[PDB]
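Here's the structure we're looking at; comments come further down.
A short reminder: the numbers here are calculations on the coordinates, not readings from a lab. Note that each Cβ is placed from the backbone with ideal geometry, even for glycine, and that neighbours are counted across all protein chains shown.
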Amino acid sequence: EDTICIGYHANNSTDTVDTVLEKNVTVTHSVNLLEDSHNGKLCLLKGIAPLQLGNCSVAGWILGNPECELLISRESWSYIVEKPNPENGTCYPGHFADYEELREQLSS
Amino acid sequence: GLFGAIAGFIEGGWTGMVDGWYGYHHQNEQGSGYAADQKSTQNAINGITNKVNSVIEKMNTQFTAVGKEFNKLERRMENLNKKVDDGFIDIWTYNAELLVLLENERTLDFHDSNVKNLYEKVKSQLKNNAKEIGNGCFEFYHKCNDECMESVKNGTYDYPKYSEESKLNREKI
Amino acid sequence: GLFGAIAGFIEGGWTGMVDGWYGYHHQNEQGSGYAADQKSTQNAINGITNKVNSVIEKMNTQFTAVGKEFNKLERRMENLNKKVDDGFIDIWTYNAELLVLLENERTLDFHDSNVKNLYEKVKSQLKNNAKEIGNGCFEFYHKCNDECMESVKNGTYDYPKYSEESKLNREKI
Amino acid sequence: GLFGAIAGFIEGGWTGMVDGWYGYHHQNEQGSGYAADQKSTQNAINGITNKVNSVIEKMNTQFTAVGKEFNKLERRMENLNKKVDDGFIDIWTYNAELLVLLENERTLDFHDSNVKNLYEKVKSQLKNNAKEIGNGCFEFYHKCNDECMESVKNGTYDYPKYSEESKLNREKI
Amino acid sequence: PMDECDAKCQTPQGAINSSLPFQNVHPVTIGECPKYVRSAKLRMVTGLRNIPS
Ligand SMILES: *[C@@H]1O[C@H](CO)[C@@H](O[C@@H]2O[C@H](CO)[C@@H](O[C@@H]3O[C@H](CO)[C@@H](O)[C@H](O)[C@@H]3O)[C@H](O)[C@H]2NC(C)=O)[C@H](O)[C@H]1NC(C)=O
Ligand SMILES: *[C@@H]1O[C@H](CO)[C@@H](O[C@@H]2O[C@H](CO)[C@@H](O)[C@H](O)[C@H]2NC(C)=O)[C@H](O)[C@H]1NC(C)=O
Ligand SMILES: *[C@@H]1O[C@H](CO)[C@@H](O[C@@H]2O[C@H](CO)[C@@H](O)[C@H](O)[C@H]2NC(C)=O)[C@H](O)[C@H]1NC(C)=O
């Protein structure tokens with residue numbers, strides 16, 4: 001005869017979520033909470049651009065090593081960018097004292 | 001599951017119901033069709049929305065430079081920093097994963113809730129004017145045109161209007 | 001809510017009932033009145049009490065001086081300290097707020113539980129000697145003076161003592 | 001408890017049933033006996049197992065030397081280290097204990113779930129061919145030899161095969 | 001490579017979208033960053049158990 005049924009939504013989604021009691025539970029809707037992608041670019045932070053040193057370490061840049069872009073134009077920055085092994089640092093050998101501190105304080 | 005409706009007596013879902021999460025399937029002569037109950041579906045969307053926006057929007061994060069660089073006579077400091085970083089990473093990893101697990105279980109149980117409560121809502125309207133056929137389905141004793149169905153959907157059903165015919169058709173069964 | 005009793009089929013609450021959280025309203029000739037079911041109410045007070053006293057009393061805190069003062073060649077140390085403080089504050093803020101949310105939901109669901117279970121307790125005692133009128137209410141077929149009501153309240157009801165009169169009054173309905 | 005089956009209408013447990021967590025007791029002439037429903041029991045073992053293995057297996061811990069030793073002009077550093085250690089210990093103690101509490105409650109509620117859902121599974125098969133005697137027990141109107149019982153256990157019951165006899169035995173009751 | 005994009009979280013390999021609470025890209029960051037975790041998958045269900053047929 002006549003009928004009224006009560007049921008629930010379903011679709012083609014294959015999203016799986018882990019659960020306390022059961023794992024790989026296929027669900028209709030889901031949301032990611034875990035960022036796992038980077039844009040492979042050194043963007044600028046909160047409106048301020050980083051300081052580019054190109055080929056020099058902080059020591060070379062601030063001492064005025066003859067081969068470093070002194071970047072007189074730069075009046076503010078958010079963070080500093082070196083390379084793994086900068087090429088032009090203390091061109092006349094010697095020890096730079098309290099170097100980690102200075103790097104820390106010139107960071108921004 | 002935890003309430004025995006989803007994956008319980010209601011064996012599966014309706015791929016044909018796109019109007020929302022919770023709904024109805026009727027079978028009056030005039031024809032069939034699927035509908036959604038926008039009250040319960042909407043309350044569920046608001047609740048789940050608030051949950052997710054509560055796991056996300058609650059993360060305050062100051063401006064922070066995680067990195068610290070030390071020399072060769074500052075190994076104690078370097079290992080202390082390392083100890084801080086690694087400690088926080090352990091905490092957030094553990095609490096984050098268990099949070100996701102527990103609240104996923106909670107969400108599924110919450111949907112199961114809404115469906116069972118809906119089934120009971122319909123049942124409390126049809127006490128003797130219908131029987132519990134199969135699962136998530138009632139068979140009427142009186143014929144219920146579209147008007148009557150849409151009446152069950154919006155809560156108003158009008159029982160004594162159909163009580164007599166039902167009283168007849170039920171006796172021989 | 002999650003069980004469909006509070007804000008569900010029971011539309012609202014009884015401002016006149018001060019004896020506790022859960023209770024009864026009877027309507028025998030002798031007169032009306034509100035009462036509370038001290039068993040379930042007391043179990044709920046013990047449970048909730050234990051919850052709150054478990055969110056508070058579980059906070060061990062050693063004697064600690066959060067402040068550290070550094071000079072101008074200790075910026076690495078100063079930022080490390082800052083990093084520790086800010087990290088803990090982030091953790092405790094997040095976990096505290098989500099804890100309050102989740103357990104508030106759990107508490108409301110717990111009350112909804114207690115009320116539904118109470119309704120069912122009454123229903124399983126009155127199977128055919130009464131009908132489910134309206135919501136959170138039963139109408140008797142046999143008249144039930146104060147003594148009988150107070151019997152339903154303390155669990156003992158004595159069904160076959162009233163089964164015959166009920167069998168009569170029910171037929172014509 | 002939260003669903004009113006364990007410590008609810010089912011007053012206690014069956015010390016004689018060793019086949020599992022959930023099961024049956026039948027009383028057909030041929031004789032009595034206890035059995036377990038391995039479907040629900042096994043699903044519960046898988047779920048709980050996954051829970052515990054989720055609270056344990058989720059603890060990543062790097063190789064770490066907690067101890068740091070300082071001299072007499074490094075009290076700021078020593079109190080900083082002390083502050084880190086003490087902070088983490090506070091966090092893990094609090095979160096660990098509340099986790100155990102909350103998840104114990106959740107587990108007990110989960111068992112209560114499984115039992116109530118099982119009771120309802122049996123009820124939905126025997127609508128008019130039986131009555132709800134006592135608690136966690138049904139009395140048949142037609143006599144149900146071992147084969148029939150083992151039918152209720154594996155889901156298949158075959159109702160219209162026994163509907164007539166029941167229709168007879170029920171009228172005078 | 002350096003670029004004109006703007007972000008609120010920076011990490012050696014490249015900037016991050018800082019709207020979600022957790023990440024797994026790189027531990028050592030600079031900015032208003034998500035928290036680093038040793039997790040492959042942190043996915044929360046908003047819908048219900050999908051059982052088509
Ligand atoms: C900035 O960095 C560049 C790259 O390192 C420096 O130029 C390089 O200087 C080294 C000496 O330390 C040169 O290596 C030597 O070359 C001679 C032959 O010229 C060879 O016989 C030695 O055995 C040794 O390998 C290297 O060729 C040279 N590279 C270039 C491209 O010039 C430069 O001196 C640095 N600038 C400052 C201011 O420090
Ligand atoms: C940084 O220094 C490197 C040197 O290692 C420069 O690389 C040279 O670039 C020129 C032309 O750009 C090439 O002809 C050379 O062969 C490169 N040298 C090597 C060793 O590969 C690089 O150009 C410098 N970058 C800046 C911005 O000054
Ligand atoms: C940064 O992350 C947020 C959240 O992960 C992204 O917002 C999502 O956008 C997609 C498509 O517009 C939606 O399907 C999601 O539901 C959104 N999530 C939330 C939480 O609102 C945002 O698009 C990301 N930004 C960039 C530039 O990638």
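Go through region B:45-58 residue by residue and tally those that are crowded, with 18+ Cβ neighbours inside 10 Å, away from ligand 3 (no atom under 12 Å from the Cβ) and either closer than 15 Å to C:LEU99 by Cα or polar (S, T, N, Q) (or both).
Adding up the residues that qualify gives 1.
Here is a yes/no grid of residues against (1) under 12 Å from the mean Cα position of the chain (by Cα); (2) away from ligand 3 (no atom under 14 Å from the Cβ); (3) assigned to a loop (DSSP other than H, G, I, E, B):
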{"residue": "E:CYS5", "(1), (2), (3)": "no, no, no"}
{"residue": "E:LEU20", "(1), (2), (3)": "yes, no, yes"}
{"residue": "E:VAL25", "(1), (2), (3)": "yes, no, yes"}
{"residue": "E:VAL28", "(1), (2), (3)": "no, yes, yes"}
{"residue": "E:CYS33", "(1), (2), (3)": "yes, no, yes"}
{"residue": "E:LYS41", "(1), (2), (3)": "yes, yes, yes"}
{"residue": "E:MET44", "(1), (2), (3)": "no, no, no"}
{"residue": "E:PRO52", "(1), (2), (3)": "no, yes, yes"}
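If I filter region B:16-26 down to residues being aromatic (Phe, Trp, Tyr) and assigned to a strand (DSSP E or B), which single residue comes out as nearest to ligand 3 (Cβ to nearest atom)?
Within region B:16-26, the match that is nearest to ligand 3 (Cβ to nearest atom) is B:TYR22.
Considering each residue of region A:43-57, count those that are more than 12 Å from ligand 2 (Cβ to nearest atom) and facing chain E (nearest Cβ under 10 Å), and give that number.
8
Any residue at all in region E:43-53 that's closer than 23 Å to B:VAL84 by Cα, away from ligand 2 (no atom under 16 Å from the Cβ) and free of Cβ contacts under 8 Å to residues at least 24 places away in the same chain?
no
Go through (1) small (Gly, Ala, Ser); (2) facing chain E (nearest Cβ under 10 Å); (3) not in a loop (DSSP other than H, G, I, E, B) one by one and return the number of the condition A:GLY60 breaks.
Failed condition: (2).
Go through the residues of region B:61-78 one by one and say whether even a single one is free of Cβ contacts under 8 Å to residues at least 12 places away in the same chain and under 33 Å from the mean Cα position of the chain (by Cα).
Yes, the conditions are met somewhere in region B:61-78.
Out of region D:27-42, which residues are buried (at least 16 other Cβ atoms within 10 Å of the Cβ) and assigned to a helix (DSSP H, G or I)?
Selection gives D:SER40, D:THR41.
Could you pull out the residue among A:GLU87, A:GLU82 that is within 16 Å of ligand 2 (Cβ to nearest atom) and under 19 Å from the mean Cα position of the chain (by Cα)?
On inspection, the qualifying residue turns out to be A:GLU82.
Just to be sure I understand the filter: pairs with C-beta atoms under 6 Å, separated by 6 or more residues or on different chains, first member in region A:86-97 and more than 14 Å from chain C (Cβ to nearest Cβ) and farther than 18 Å from B:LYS72 by Cβ, second member more than 9 Å from ligand 1 (Cβ to nearest atom) and in a loop (DSSP other than H, G, I, E, B). Which pairs pass?
A:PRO86/A:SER57
Restricting to region B:60-81, and then to whatever is surrounded by fewer than 18 Cβ atoms within 10 Å (Cβ to Cβ), at the interface with another protein chain (Cβ under 7 Å from one of its Cβ atoms) and of a type in the set (A, V, I, L, M, F, W, C), can you tell me which residue is nearest to D:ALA96 (Cα to Cα)?
Taking the candidates together, the pick is B:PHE63.
Take region D:87-120 and flag every residue that is crowded, with 17+ Cβ neighbours inside 10 Å, facing another protein chain (nearest Cβ under 7 Å), within 21 Å of A:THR19 (Cα to Cα) and without any contact (Cβ under 8 Å) to a residue 24 or more places away in the chain.
Across region D:87-120, the qualifying residues are D:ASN95, D:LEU98.
Taking into account only those residues within region C:156-173 that are touching a residue at least 12 places away in the same chain (Cβ under 8 Å) and under 22 Å from C:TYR119 (Cβ atoms), which is surrounded by the fewest Cβ atoms within 10 Å (Cβ to Cβ)?
C:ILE173
Can you pull out every residue in region A:63-78 that is part of a loop (DSSP other than H, G, I, E, B), surrounded by fewer than 18 Cβ atoms within 10 Å (Cβ to Cβ) and either of a type outside the set (D, E, K, R) or touching a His at 6+ places or on another chain (Cβ under 9 Å) (or both)?
Correct list: A:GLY64, A:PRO66, A:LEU70, A:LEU71, A:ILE72, A:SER73, A:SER76.
Out of all the residues in region A:58-75, which are at positive phi and either within 12 Å of ligand 2 (Cβ to nearest atom) or in contact (Cβ under 8 Å) with a residue 12 or more places away in the chain (or both)?
The answer is A:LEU71, and nothing else.
Okay, residues lined up against (1) of a type in the set (A, V, I, L, M, F, W, C); (2) within 15 Å of ligand 3 (Cβ to nearest atom):
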site	(1), (2)
A:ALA10	yes, no
A:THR19	no, no
A:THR28	no, yes
A:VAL31	yes, yes
A:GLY40	no, yes
A:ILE48	yes, no
A:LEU51	yes, no
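Checking D:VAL84 against (1) in contact with a strand residue (DSSP E or B) (Cβ under 9 Å, 6 or more places away or on another chain); (2) facing chain B (nearest Cβ under 10 Å), only one condition comes out false. Which one?
With respect to (1) in contact with a strand residue (DSSP E or B) (Cβ under 9 Å, 6 or more places away or on another chain); (2) facing chain B (nearest Cβ under 10 Å), D:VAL84 is out only on (1).
Of the residues B:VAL84, B:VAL152, which is touching a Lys or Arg at 6+ places or on another chain (Cβ under 7 Å) and among the β-branched types (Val, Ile, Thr)?
Only one candidate qualifies: B:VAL84.
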